[PDB]
Amino acid sequence: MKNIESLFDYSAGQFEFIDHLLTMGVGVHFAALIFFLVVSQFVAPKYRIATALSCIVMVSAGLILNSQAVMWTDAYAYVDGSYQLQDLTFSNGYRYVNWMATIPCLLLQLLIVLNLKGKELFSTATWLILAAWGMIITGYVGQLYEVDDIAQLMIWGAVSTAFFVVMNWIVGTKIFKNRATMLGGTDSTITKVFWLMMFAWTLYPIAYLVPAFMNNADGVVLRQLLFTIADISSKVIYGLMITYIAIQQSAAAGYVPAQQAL
Ligand SMILES: CCCCCCCC/C=C\CCCCCCCC(=O)OC[C@H](O)CO
Ligand SMILES: *C/C=C(C)/C=C/C=C(C)/C=C/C1=C(C)CCCC1(C)C
Ligand SMILES: CCCCCCCC/C=C\CCCCCCCC(=O)O
Ligand SMILES: CCCCCCCC/C=C\CCCCCCCC(=O)O
Ligand SMILES: [Cl-]
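Numbering (the working numbering), first residue to last: 14 to 275.
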């Protein structure tokens, strides 16, 4: 009742498009899961956790997308020519709770392929996860108000954006100060990963703001479309680049299965 999805009836085309976006997302993540599983054998032990983290992200995201898809079809019924709310079973808040788990995984795999270790790894991961959790929690509280109090959504979103900026500064600083340690020419690749991250993660706050500038049923569809683009880019495409970097550095370090795979 606190999310704008509950305010509207949906045309068959809007309802089925959203359903198909979510089910397509389930398929893409679980297909990618198999890919990350199979190629982990070609990654040196030093980096293999990075590919395992992608597996964890795929199943985490895939399970939440599957849950959203079933909640969506549980919540609405086709009555008198439109899909109408029947039960209070759909909200975006499950995405937020999940980010508490997947964002730390996405950040950790980056730090691993940057060749951080020991105390710097643990210390950097700690500040990044705290910043990320601060971002997610303040965003979560904000979107509880996307119907009733847009001013409060904006203020919680400003606080959340401050955490996002500081998090990105930490990430960027570590990348640019450590890319000279990277093997196999991946010092070039990692810079592209950072820009991909900036682009993809910025789509989420744009989706967060849809209630402020497109509070109608098409805005609900747009938000799910943006989430879908952002999820695939920030998790799947990002994971593929992380895995490429891990295998390339593994090969340059003399791991034979990596050398043969490439
Ligand atoms: C809520 C309103 C707040 C508005 C706030 C607007 C400020 C945005 C400016 C920068 C964002 C930081 C993004 C991080 C970009 C990477 C920075 C970096 O990596 O620094 C390079 C390093 O210094 C070399 O070694
Ligand atoms: C796979 C999911 C990912 C990478 C989620 C990332 C989410 C964010 C970067 C969220 C950022 C937000 C803000 C910067 C302010 C508005 C509230 C958020 C939480 C949507
Ligand atoms: C309050 C929340 C704080 C959470 C801190 C999280 C701590 C994570 C620290 C580092 C995880 C590294 C584990 C995997 C080791 C990879 C190194 C390797 O195998 O080459
Ligand atoms: C229970 C798992 C959550 C772990 C939280 C630990 C990380 C703390 C990070 C920053 C906390 C930001 C506090 C914002 C809460 C205020 C919202 C409210 O209480 O209404
Ligand atoms: Cl997620």
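For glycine and all other residues, C-beta sits at the position ideal for the given N, C-alpha and C.
For residue j and residue i, the rounded distance between their alpha carbons
i    : j    : result
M227 : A57  : 48 Å
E133 : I168 : 33 Å
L275 : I255 : 15 Å
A65  : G94  : 46 Å
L101 : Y89  : 9 Å
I150 : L120 : 17 Å
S24  : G40  : 24 Å
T137 : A144 : 11 Å
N105 : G75  : 15 Å
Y158 : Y96  : 24 Å
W214 : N191 : 22 Å
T174 : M148 : 7 Å
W112 : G170 : 16 Å
Supposed contact pair residue j and residue i - C-beta distance, whole angstroms, cut 8 Å
i    : j    : result
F49  : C68  : 5 Å
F207 : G185 : 6 Å
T199 : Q261 : 5 Å
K187 : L127 : 6 Å
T36  : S73  : Their Cβ separation, rounded to whole angstroms, is 17 Å, which puts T36 and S73 out of contact at 8 Å.
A259 : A63  : 5 Å
Heavy atom of ligand 1 within 8 Å of residue i beta-carbon
i    : result
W208 : no
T151 : no
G147 : no
Proximity below 9 Å, CB of residue i to CB of residue j
i    : j    : result
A45  : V249 : yes
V223 : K15  : no
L216 : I183 : no
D22  : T86  : no
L166 : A82  : no
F103 : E29  : no
Near ligand 4: residue i beta-carbon under 8 Å from a heavy atom
i    : result
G94  : no
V154 : yes
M167 : no
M113 : yes
Residue i CB to nearest heavy atom of ligand 3 below 8 Å
i    : result
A144 : no
Ligand 5 heavy atom lying under 8 Å from the CB of residue i
i   : result
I77 : yes
Any non-hydrogen atom of ligand 2 closer than 8 Å to residue i Cβ
i    : result
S24  : no
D244 : yes
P218 : yes
Mind listing which residues have their beta carbon within less than 6 Å of any non-hydrogen atom of ligand 1? Chain order is fine. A171, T174, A175, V178, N181, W182, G185, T186, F189, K190
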